[PDB]
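Given next are the chains, with one letter for each unit.
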Amino acid sequence: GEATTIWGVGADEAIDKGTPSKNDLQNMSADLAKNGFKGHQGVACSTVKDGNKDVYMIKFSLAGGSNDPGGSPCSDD
Amino acid sequence: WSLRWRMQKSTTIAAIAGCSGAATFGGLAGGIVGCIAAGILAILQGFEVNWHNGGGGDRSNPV
């Protein structure tokens, strides 16, 4: 295929010493892939949240370019 | 824990390489979608150090 790599450009909103369980991480990843990308190339803007707390912002880019897309993180607080 | 997201750019381009260990968790049954989910998972795990200690960066995963 053309796209061979997925990139995540991130920055921290708040320090959070907690860690999501694998069950939570799996649910987060499945949701975006299935309902957001839907098996196609694209760009998603996201925020990792710990309850009501905004913790991390990540721009996820899936494009034909295997090269680091750079740019700035984007969010969905 | 949750991931709030929105598509900034949506396409119908399906040209995506296959991978090893396509995800079968969360109702996924492998395939390209599973390749993408396994990619996102690795990136989120990588970023735990950055919400724990601060900082940003660009992380990648084969898909």
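Residues numbered from 1 in each chain as written, not as in the entry; some residues may be left out. Chains lettered and ligands numbered in written order. Heavy atoms only, no water.

Per the PDB record, this model was obtained through X-ray crystallography at a reported resolution of 1.8 Å.

Naming follows the PDB entry, where chain B appears as SMK TOXIN of Pichia farinosa. As recorded in the PDB, the entry bears the title "KILLER TOXIN FROM HALOTOLERANT YEAST".

Going by what the PDB entry lists, chain A is known as SMK TOXIN and is assigned to Pichia farinosa.

Undergrad: Whenever I open this one, the interface of chain B and chain A confuses me. Can you help?
TA: Where the parts come together, the accessible area they lose is often given as the size of the interface. Taken together, the 46 residues of chain B in the interface contact 56 residues of chain A. Contact with chain A buries surface across chain B, with B:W1, B:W5 and B:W51 losing the most and accounting together for 19% of the total. Seen at the junction of chain B and chain A, the total is one salt bridge. The closest approach of N and O atoms between A:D76 and B:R4, which form a salt bridge, is 3.8 Å. On inspection of chain B and its partner chain A, the count reaches 28 residue pairs in polar contact. With 16 residues, helix α1 (residues 31-53) of chain B is the largest single contributor of residues to the side of chain B that touches chain A. Of the pairings in the sheet, the one linking strand β2 (residues 42-50) of chain A to strand β1 (residues 2-10) of chain B comprises eight bridges and is antiparallel in character. The residue of β1(B) that forms the bridge with A:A44 is B:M7. (Contact = heavy atoms within 4.5 Å. Buried area = accessible area lost by both parts, 1.4 Å probe. Salt bridge = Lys/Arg side-chain N within 4 Å of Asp/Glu carboxyl O. Polar contact = N/O pair within 3.5 Å; in protein donor to acceptor, adjacent residues only side chain to side chain. Helix = DSSP H or I, 4+ residues; strand = E, 2+ residues; numbered from the N terminus. Pairing = 2+ DSSP bridges.)

Undergrad: Got a minute to help me understand the sheet that holds β1(B) in this structure?
TA: Backbone hydrogen bonds hold the strands of a sheet together, and the pairing may be parallel or antiparallel. An order of β1(B)-β2(A)-β3(A)-β1(A)-β2(B) is seen for the five strands of this open sheet, with the pairing classed as antiparallel. On the outer flanks of this sheet lie β1 and β2 (57-62) of chain B, each paired with one strand and no other. The mean angle between the axes of side-by-side strands here comes to 20 degrees, regardless of whether they run parallel or antiparallel. Here strand β1 (residues 5-12) of chain A pairs with strand β3 (residues 53-62) of chain A via seven bridges, running antiparallel. Within β3(A), the position partnered with A:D12 by the bridge is A:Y56. This element, helix α1 (residues 22-37) of chain A, spans β2 and β3 of chain A together with β1 of chain B of the sheet and lies at about 25 degrees to β1(B). (Axes fitted to C-alpha atoms, helices over the stretch in contact; angles between N-to-C directions.)

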